[PDB]
Structure formats: C-alpha cells, structure tokens
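Data block below; observations after.
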Amino acid sequence: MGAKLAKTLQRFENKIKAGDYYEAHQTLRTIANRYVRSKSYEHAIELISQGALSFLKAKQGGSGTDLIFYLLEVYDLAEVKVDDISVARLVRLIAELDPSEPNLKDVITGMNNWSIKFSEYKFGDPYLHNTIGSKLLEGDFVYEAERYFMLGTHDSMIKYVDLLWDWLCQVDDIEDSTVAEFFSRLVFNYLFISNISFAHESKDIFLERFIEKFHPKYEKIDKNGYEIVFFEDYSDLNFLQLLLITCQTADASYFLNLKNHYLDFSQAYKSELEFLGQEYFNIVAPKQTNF
Amino acid sequence: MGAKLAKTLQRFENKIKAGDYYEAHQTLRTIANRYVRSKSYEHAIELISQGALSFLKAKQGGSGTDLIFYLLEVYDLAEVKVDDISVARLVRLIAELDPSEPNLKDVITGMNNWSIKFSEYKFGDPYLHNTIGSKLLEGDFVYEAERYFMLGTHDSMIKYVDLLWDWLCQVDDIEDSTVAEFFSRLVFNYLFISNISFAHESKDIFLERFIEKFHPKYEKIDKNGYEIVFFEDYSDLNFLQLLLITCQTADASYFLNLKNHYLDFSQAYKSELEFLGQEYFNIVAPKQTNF
Amino acid sequence: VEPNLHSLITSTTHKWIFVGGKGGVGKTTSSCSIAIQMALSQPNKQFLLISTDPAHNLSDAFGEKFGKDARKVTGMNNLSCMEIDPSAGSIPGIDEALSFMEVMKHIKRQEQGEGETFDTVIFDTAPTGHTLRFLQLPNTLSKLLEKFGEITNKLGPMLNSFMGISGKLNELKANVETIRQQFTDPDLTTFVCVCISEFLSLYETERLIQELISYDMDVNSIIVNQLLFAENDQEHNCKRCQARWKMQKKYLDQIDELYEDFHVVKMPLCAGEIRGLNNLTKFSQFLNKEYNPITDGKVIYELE
Amino acid sequence: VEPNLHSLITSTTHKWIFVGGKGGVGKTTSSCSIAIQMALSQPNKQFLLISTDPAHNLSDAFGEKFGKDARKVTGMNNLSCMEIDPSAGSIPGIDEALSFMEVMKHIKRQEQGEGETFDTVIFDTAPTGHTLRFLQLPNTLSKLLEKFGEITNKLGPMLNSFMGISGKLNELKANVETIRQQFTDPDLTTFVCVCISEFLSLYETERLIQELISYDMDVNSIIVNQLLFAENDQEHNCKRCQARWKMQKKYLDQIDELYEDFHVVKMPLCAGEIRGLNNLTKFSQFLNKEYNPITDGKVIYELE
Amino acid sequence: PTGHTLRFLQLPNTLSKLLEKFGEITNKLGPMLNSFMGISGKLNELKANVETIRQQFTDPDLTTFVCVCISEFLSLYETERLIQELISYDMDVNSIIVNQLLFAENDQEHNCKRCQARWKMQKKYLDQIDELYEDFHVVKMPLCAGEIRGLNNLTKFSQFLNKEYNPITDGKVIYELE
Ligand SMILES: [Zn+2]
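Protein chains in written order, with PDB author numbering: chain S, 9 to 299; chain U, 9 to 299; chain O, 5 to 92, 131 to 206, 212 to 351; chain N, 5 to 92, 131 to 206, 212 to 351; chain M, 169 to 206, 212 to 351.
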C-alpha cells in the first residue's frame, strides 16, 4: 500500500506534465473514492492532497480547487481533528493557490469551517487564519484579510499593521481624522478579543511608522510604566491611546471621565464605546447619543 | 487493604490458639462476606483460604470444612478459572485435611466440580486429581482413589501402582487369576483414556515387583522393539500384555486372532473387549458371548 | 481495637486523610477535630483541612473566613484550612476524575504561594455525591486492557513475531502503577467515616463502607457523635433523655457486632453545637483517649 | 500497467502470495499457474502452493496426491504443493485468527521435516468464507486502545504522576508492530484476484477488492480466464461463440475502466480444462507475456 | 435489480407477534384483580394478527414469486439465497427460470467445441438445480444468438414458458430470432 501509493503518484504527475489533465484527475478521484469506501481515509488524504498540490503547481485551478473540496469532505468524513498535521496540509495547499482563483473564498471558507468543527475555536484555528489572511490579501480582498488577521497569530498582527499602513499611505489627501480611521481599527478589534498584548504592539509599530513618515508634532508622556504618544495635531490618536489603557484598568470612573472630556469622539465611536463599557466596565445602560 | 488483611490474620489465629474457635470463625466470615459483597473476591479468597488453613492445622475440621465450601462458593462467584494458583490453594488445603473428616468426600467433590466447570477437562484438572487421590486413599477410600489416580498425573500413576500392589499383597491366598484381577485394572483403565505411555510404565513397574516377590517362572520375549514378559504360570498376564500392544496397532485382524486363541479370557473381559474393539478397531457389532 | 484515632493522630506517614458521613451527622465537626488532633500531636508537620461543602462549614466551625487560599487557623502554625468549590455521563470515572484533579491543583497552588508543603491532607469529603467514584475506573478499564492484550496474541507468538512480550510487560507496568494510585498504600492513605447510632445513619454508613471497599480504600474508623450515655451523667433524671439513649444503645450494639475489627470511637453528645478553635480541641481530645461519661462528664457540660 | 504478472513472477522479495476468486472462476488453475511461473523463473528459491479447497483441486490439477505434508510436484525441485483442511461468533477476528494461525503451523512443520524453507508461499484461498477477516481486527481493537490510553489521562499528567508517558509510547509500539502484520509490506505481500468477464463475476470481484482494501492489503492483479477473442482465431465462424464474446467484451471494457491502474491480465479460453504439469506450464506462459489470439492461437488449440 | 424491496415482507408479522408477548404477559395474576381495577385485548390482538399475516401470506393462490437465473455457480448462489429470503416472508415460490441454456447436443449444425464445453458446465449445475429444487417449476429456456427485443420476437420466445422447449424440434424458432 505504502509502496503502491508512491509509485502511482509519479504516473499521475506524469499525466499532468504531459497535458493529460482529464486523465490525471479522473483516475485519481475514482481510486481515491475506493480508499474512502474502505474507510482507509489516511491513504486517500495523502493521495488527494498530493494530487491537489501538483494541479495547483501546474496552474490548473479547476482540478486543484475540486480536489481541495474533496479533501475537506474526507476531513469531515474521517472526523480529522484540528492539529499541526491537519492544518499543515491545508496551509501547504493554500500557498499554491492563485490569488485570482474564482473559488478562492469558497476554498478558504471550507477549510476554516472544518477547523471550527474540530477545534475549540468558535471562529477557527489561529495559525490557519494566518495563512488564509495572506491569501485573501493577494486577491485584494482586504476586508476579509483584516478579519482573519485579527483572529490570527503574532505574524498576522504584523501583516495587519502592514495592511492598514499600506492603506493609509494609499490615501492621497491625508487629514487629521484620516490617520484615526486606520489606527482605531487596531485598538478596537484587538480590545474586543481582549488581546492587550497585540493591541499595544500593533499600536507601537503603527504610531512609530506614522512618526517617521509624516513627522507630526508630538511628545511621549510616561507615567507609572505606561506611555502615551501625545500628538499635537491628532486628538483622535490621543483619545484612542487613552481608551486602550482605560480598558486595562476596568474602572468605571476612568471610562466615564475619558468620554466626558472627548464628547465628540464619544459620539463617533458610540457603538464601539458601548461595547467596551460592557466588556470592561460592566455597563448595561445603552450609550446616550451626545449629538 | 493489604496491610490491614495481614494484621487481622494474626488476631484470628490468635483466637484459634487461644481456643476461641466460635469468635475466630464468626468474625472472619462476616468480614469475608463484606469483601464478597463489594466484589473484592481476591481479598476474600486469601482471607477465607488462610482461615481454613489455620482451622485445619488446629484439628478443627468443623470450621475448616465450612470455610473450604465458602471458598469454593466464591470461586464460582468470581468465576475463578482453573490454573496453577487456583489449584494450589485447594491442594494446600487438601494436605491439612484429616483423612477421617466426615466431609472429606464432599470437600473433594466440590473442589473437583469447580475444576471441571472452569477448565477443558470433562472430569477435572489432572494435577488436582493427584492430590485428591492421595487424600481419599488416606481414609481407606480405595475405589475413589483409583478413579482419581487413573485421571491424574505421572505421580498418580505411581501411586496407582502402589495402591494395586499393596492390595495384591494384602491377599493371603494368592492364585493365578488373582494377580490378573489387579494387573488388568492398569491395562484396561489406561487403555480407555488411551494413555499408552502410562499403560506401559504401570505395567513394567507392576510386573517387575511381581517377579521380585513371587519369583514366578517366566522369560522375556522381544520382537521389533516390543517386549512381553511371558509368565509360565500366568496366562491371564500374557493375554493382557498382548491386548495392550494389539490396541496400539489398531488392526482388526490382530484383535480378532488374539481373542479367538483365548476364548475363556474373551468371555471374562467380554464388555471390556467390546469397548476396546470400538475404540481401537472400529467395531460396531456387540460382543458374542463365548460361554 | 482501641476505640480511638490515636494511631492515626500520631502517624507521620499518612498524607491522605478521608472524612465522610452523609446525613448531617456532624461531619464538619469530626473533620476539624481529626485535623486539630494530628496537627497538635505532630507540630513538626504541616496539615491541611479542606472542605467542599457549599455551606462553608469550616469557616463557621472555627470562626474565621476560609477560602480557596489555604490559611493557617488562628492560634496554630501547624494546621491550615481550605474551602474550595468542586465545580466552580457517557464514560464512568471521567467526571469524578475532573473533579478530584481540580482539587489537587488547588493544593499544589497553595504550597507554592506560601505554606510550601503539607505532609498530610485532611479531606473533608462533600456531603453528597460520591466524589470517590473514580477510585475504581482506573483499575477497571486497565484490567480490560489485559483481556485485550493477551487475547490479541493469536497462536504463537511464533507467527505474530514473524509478521511484526513488550505488550505483556508494559501492560503489567501500567497495571501496577494504576493499582498503586487507588491502593495508595494503607499506611499512606485511609478513610474515616462518621455517623450516629440511628437506623438511617447505619444504612448510610454500611453502604459508604461497601463503596470504599470496592475501591480497595482502607477503612477502619467509624465516628459516632451525639451519644447520650445518660446512665452516668451526674444529674440523672429526664426520661426523654434516657429513652433516646436506650434506642441509641440498641443500634450501637449492632455497630459493635457489625464492625468488630473497626475503630468505633463513640463520641459524647454536647448541649449545643461545638464551634470555635477552643471548644473544638477540648472535644477532640476524646478522639485520642476514649470518653468516659463517668469522669469526663465535666468536659461536656463545660462546652455548654 | 503491463497486462501480466511478470514483475511478480520474477520477484524474489515477495513471500506471501494471495490468490482468490469465488465463483468457480478457475481459481485453482490460476493458483497453480502463478506458482509454476514463479518457481521456474526463480529456481534459486523454494515456493509452496497451498490450498484449502475440500475438493483437492491441486491434486486433480497436477495429477498426483497432495496432503498436509508438503511434496515437491513431480518434475520440479523448486515448487511444492500443500493441501490442508482449515477446520480439521461473539468476538470478531478470533475465529479467523485460529484458522490462519493453524495453517501457518502446517507451514513451519513442513519446513522442519524436509523442505527446510520456502521463500514465497502461494496461498490458494478457499472458495468461500472470508479467511482474511482477521486482517482488520488487530488494527481495530488496537486503535481502541489508543482512545483508551489517551483519555485515561485525566488533567495532568501533573496529578496522575503524583499518585502513581510509558503508556503513550508502548501503545504506539504495539500499534506499529500490529499495523506491520496487516500491511506486511506491499513489496513483501500482495493479493491476486481471479475472475471472468461476466456480470456476477464482476460483482464478486468488486466486493472482494473492497474487502482487501479495508485490510490495507495490496491488490493490483486481476485474472480473467475463459476469454474467447473469437474475432482472431484461425477458423472463424460459429455465431454461438461470437455472440458470447460480444458479451464478454462488454464487461471487459467495464473492467478496463473500473481498474485502470490494475494488472488486468486477460487469459484465453481453452477447449477443455487444463490439467497436468505440462499443459499448465504452457498455459501459464501467458501470465508472463500477454496472450495474442492472432499468434498464440496455436498454443490454445494445442491444449485441446 | 438490487435492493431487497421485499424486506418489509416480514416486519408486519414480527412486530405483531411481539404485541402478543406484550399483551399476554401484561396479564398479571387474574384477570380477577386486573378486572377489579379496570379479554378485549386477547381478541383484538388476534384480529390485528391475522389481518397482518394476511398481507404477507396474501394467499398462495392470489400471490406468487417467480425467480430467474442461469446454470452458473454465482447465479445459483444468488438464487438459493433469494429463495430463502422469500420463504422467510412466507411468500410462495415455485418457479425458477433458467435462460441462456445451450443444449448444444441437439442443435442441427453441431460442431464448435467452445459451445459444447460451455454447456457441459451448464449441465453440471443444471443437475444441482434439478436436485436442489425437486418440487419446483424449473423451466429451462434456450439461449438465443442475440438479445431478444421487440414485441414480436418476445412472444415467439415466451411460447416456451407455456410449452417446454425441445432443442430437437424447436431449434428453428431459436435460430429464427437470430
Ligand atoms: Zn461457439
């Protein structure tokens, strides 16, 4: 079995380098179905995955995409649990995917859904998300990449700061409130999943780039270990930085005082603040619109 | 549990060496019943067995006998399978039994029955029988000992030849047909269970003692590896020796010729020969009475 | 058998002390008592009394607040108390395992954050729920592995070795180790049961002990509080009290005949409930030396 | 894929050759054929052809008496035949185990009493009864041990080690070894199936192969005898024969599309049945080199 | 062609009989006391019983099962089991059709070993069928060159189901459908 699989795999990638795509795809699936029929999942998984790899490497999205789905089907049929090996196979296949593949999103969804059903993550495996995010970004699917990166690993956090930084730079007419529209996303998103570490690191990397490119007037304020890059021309950024630390204290008073001083910002981020006040200050009372 | 059992066992054998038999017996059983109630058989088995040993060593057949039965009950309740350990416990207890114990036979039967239910032997474990046989013989229960020895081990075979030899010697008025009444038992019994090895060894040991005590006229006849101690004054013994070898050939002709030459003997051992002719010659036709 | 817990109170090897008794039979009391007697008798060893009763019986028995964080009872630098909540159907043993595994994490956590180490822990078992159910699964499932391992040895191992006794050995190794966690040595672990001379109590006691015996868990101590001994108290009279003890004496005899080789320590009845470190130590003294209603009558009418 | 058994007939590593085919599809024939082809191609290795068919097909195929005692077929000092009776519901695998374990005892017994050793055995599987059912129990029950071993690891192994990964290691060892007895290397063991181009046969074949695949047993050889190829034989005519092959050609195409990467060797139909060492070797030559009804027509109308 | 579409031909009798074990047993000592606190049950059961058994038995004079096969190992195996299955359904079965038979020892235009050998094998099994199903209607149908299609060729071939096929005289009708 082990010596037979290896062999045929060459006569398959031989039909692929020869042009015989139909032959290569038809033969492999029927044979793969046989393994599945006998519950020899493991065998089918390697065969299917390998077949999908070669197809994608040969720029044959059609077959490649199809096999990925078939693989996933088995994954759910074999109740393959989410772990390094299981994820690795998908990551290796995602890397060979063409950012323009008409099925991209579907493929991504399928993989992630699998990770959700066979893991304790309500939204999928972190590591897996790191790969998925990059793929989505290659097809200009920014918004989709942002979400995955938000729920990704440390590398995702870096690729999320780059996604937001390369977007801010793309803006021809920058303004005081423009830098906040991007920066705020980092503070709010990470604060929702309560990942203070990523919130602070993403903040530092983004605020430092902003200082080395736009050269805005500022001065770092340090107090009891904490620092707040006070921008002289960006109040939005000052407020946002204070909001982060405030949530860390989980003290109602501080949250109320910060909002009362920045009435305008308190109405721009109405819904957002309402949530933060419930997750960090146990507030059940809705957010009263200032304006 | 292991440290508690050991302890109490001394305070028990302390009540036995003190005379407090009732106390020792009552306490142990109730406690043992507790282990059994919780299905902690193993514990009860060691406790009960140990208690029975001490009672028998103190010449207290009453309690000793009772405990043996109780042990057996558990043995069947715990479905204890027949093996060295299982048999050993019973052998060790059988050794301390008084040959005159009013329950002897019952105790023996119980133990053997257990061996039959939890083994592949239709009549009980061989080794076990070896011990049982000796015990029965100590109470002058010869006939019962003979059966067990017959279905015993190699040592049993020796103790069976001694049981038959000491019986033959007990006869005040020995005759030509007297020596056959004892010797024949060895040949027939072992030939029924088809144990040619024991049949030949038992024969050799019995025929040699007979020659060194009675000094009968004989001459060893050797042919093709086989030997037949031809007695000049014991035709019965000659016939019996030929019968043994005959069965070994499993040839109908030889069996018929041997019987036709010894018509008298063919009627004395009518039933016996009928059986042998069915087990060694595939004869379905009954034995026609010569006289 | 000495009707006391001396041998246990003075034992420096024991490191696992169980204390059960369903029926509001004064479990909490006996627990604090046994813990104090051992701590005072062995000042060279740290003891830890932990309970799971949601009523916070240990905090109401001593007179101080006890939480998930082990704290030395005021006045003693040898005894410590712990009150944790053991909670804050397909496979047997699992649930119980999770419950006990969690309580032990609360133990090692309090031995790192000051306290360092407790030589013997006094487990104040919960009022309800057989928290010792998992004390049988480990031996159960394991023995099944043995039936599995052996049988999986088709004729051979002649041919089984040609296509492929490490299995018969590692099994026996995983076997003993497992059986060593339940047996946990009778010299290292024991179980103390508590009850009173009353029908229902005996019923509850009898079964409790059976359950423990099936766990192979050593059990030889039965505490019986609330006893009257109203035939010796210096200030007789009161039929009401004499009649009640006539009934308690009835069952007490069933206990002395049911558990002949058990440590049946008969504790005296106190006017009111015993609370506070002081009244507890003076009452626990009877667990070391038998209580004599003829002479110790004072100590009782003292706690009143 | 060469429509022949060359690679196998010339293989000196294989030591386990399976041969099945329910339906009186000429199983016996193919068995003796594959055995002779390998014995003649590798005279430097001892081969053993054993059957369990109560009809004594091997004795009727060669023309000599073969019993439980391995005997060299007359005329060959490389091939040997064995005809044993594999017999003379609660737990799956057991029964099958006992059956196979017994046949292997008959093998090692004939290698000690002259014959010394057979490098590759040609198993002529029984006509009925899945004698390879136990080819899945060992992997089955074992995997259950893994679910057993792991789960039995309550929170920890922090506390599980305080009351007591030798279990996770020995399991994996007993795991591989086992899987090594079923997998038995595809380069060491293989299975050859036999059938004919007929509905019922295909049905029986399709399932047989599925069964083996569930055993992870390598299968890539399908023998199809009784083929007519009545469109090439030099002496055409006979509609009866042409019509029959038109039907056989129908299914044969289903076989070449069902088993695309399988060794589908199409054997020719012979007038009468092939018996005797001579007529067998000349017919088995087609198992090494494809049969051409255009040129090899003589060899067939020769066995007639 | 596949799937035992007659599997439900046993459930109705099955579950019903279970009702009887249920109904009776539910009759604790009595009906002395069972009637003081409350045989309509023992009667209605027997009524729902017969009616049910009447849907399976469906009268052998009203319902029957005709099986089809050929003289070949695998076929016999399939046939033997099929009949067992039906008998467990109490469904009447006494007709076994065996087509594709050669009878190559009578056809006027002998020769062809290939055809003679095949029938020698079909004759082997056919004897197992005549000894296995002694009291069954084993109608042996002749083999036709090509497949029979069209109302015409069908009626002329089905005539042998009414009157036995004689390879000595009816040889024409066969080499006719060709
Ligand atoms: Zn023809």
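Ideal Cβ positions, reconstructed from N, Cα and C, are used throughout, including at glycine.
Pair within 7 Å by beta-carbon distance, residue i and residue j
i: N:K196; j: O:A139; result: yes
i: S:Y270; j: S:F247; result: yes
i: N:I270; j: N:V241; result: yes
i: U:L252; j: U:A207; result: yes
i: S:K12; j: N:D308; result: no
i: S:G59; j: S:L80; result: no
i: S:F238; j: S:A260; result: no
i: O:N272; j: O:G30; result: yes
i: U:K225; j: U:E240; result: yes
i: N:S45; j: N:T14; result: yes
i: residue 375 of chain U; j: U:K143; result: In this structure chain U extends from 9 to 299, so residue 375 of chain U is not present and cannot be described.
i: O:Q281; j: O:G344; result: yes
i: O:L177; j: O:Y306; result: no
i: O:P134; j: O:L186; result: no
i: O:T237; j: O:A168; result: no
i: S:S205; j: S:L194; result: no
i: O:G171; j: N:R227; result: no
i: O:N279; j: O:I341; result: yes
i: S:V82; j: S:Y129; result: no
i: S:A40; j: S:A52; result: yes
i: S:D163; j: S:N138; result: yes
Expected contact under 8 Å - CB spacing of residue i and residue j to nearest Å
i: N:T17; j: N:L62; result: Not a contact, Cβ separation roughly 25 Å.
i: U:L176; j: U:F190; result: 4 Å
i: O:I88; j: O:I54; result: 7 Å
i: O:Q229; j: O:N181; result: 6 Å
i: N:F142; j: N:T173; result: 7 Å
i: N:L274; j: N:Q295; result: 6 Å
i: S:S71; j: S:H33; result: 5 Å
i: N:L247; j: M:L299; result: Rounded, the Cβ-Cβ distance is 16 Å, inconsistent with contact.
i: N:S184; j: N:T159; result: Contact doesn't hold; Cβ gap of about 30 Å is too wide.
Beta-carbon proximity list for residue i, same chain, < 7 Å, skipping 5 on both sides
i: O:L235; result: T17, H18, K19 and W20
i: O:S331; result: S37, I40 and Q41
i: S:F131; result: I124 and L159
i: M:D303; result: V311
i: S:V90; result: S123, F126, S127 and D133
Contacting residues, own chain, Cβ-Cβ under 6 Å from residue i (five flanking each side not counted)
i: S:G10; result: none
i: U:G69; result: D106 and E109
Same chain, Cβ closer than 8 Å to residue i, neighbours up to 5 away in sequence not counted
i: O:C317; result: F330, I347, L350 and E351
i: residue 306 of chain S; result: Since the displayed chain S opens at 9 and closes at 299, residue 306 of chain S lies outside it and no answer follows.
Can you pull out the residues from the segment 190-203 of chain O whose beta carbon lies closer than 9 Å to at least one beta carbon of chain U?
none
Check each residue of the segment 11-37 of chain S: if its Cβ is closer than 7 Å to any Cβ of chain N, include it; give the result in chain order.
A11, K12, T16 and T35
Going along the segment 46-66 of chain U in order, which residues come within less than 7 Å of chain O, judged by CB to CB distance?
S46, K47 and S48
Entirely enclosed beta strand (DSSP E) segments - the segment 26-75 of chain N, minimum 3 residues
51-55
Please give me, in chain order, every unbroken run of the beta strand (DSSP E) with length at least 3 that falls completely inside the segment 160-185 of chain O.
162-166
Residues of the segment 285-317 of chain N with a CB closer than 7 Å to any CB of chain S: list them in chain order, please.
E307 and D308
Pull out every residue of the segment 246-263 of chain O whose Cβ sits closer than 7 Å to any Cβ of chain U, in chain order.
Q257, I260, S261 and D263
Could you pull out every unbroken alpha helix (DSSP H) segment of at least 4 residues lying fully inside the segment 161-210 of chain S, listed in chain order?
162-178 and 186-200
Start-end ranges of the alpha helix (DSSP H) lying completely within the segment 232-299 of chain S, minimum 4 residues
243-257, 260-269, 271-276 and 278-287
Threshold first: 3 residues or longer. Then list the beta strand (DSSP E) segments lying entirely within the segment 239-319 of chain O, N to C.
266-274 and 310-315
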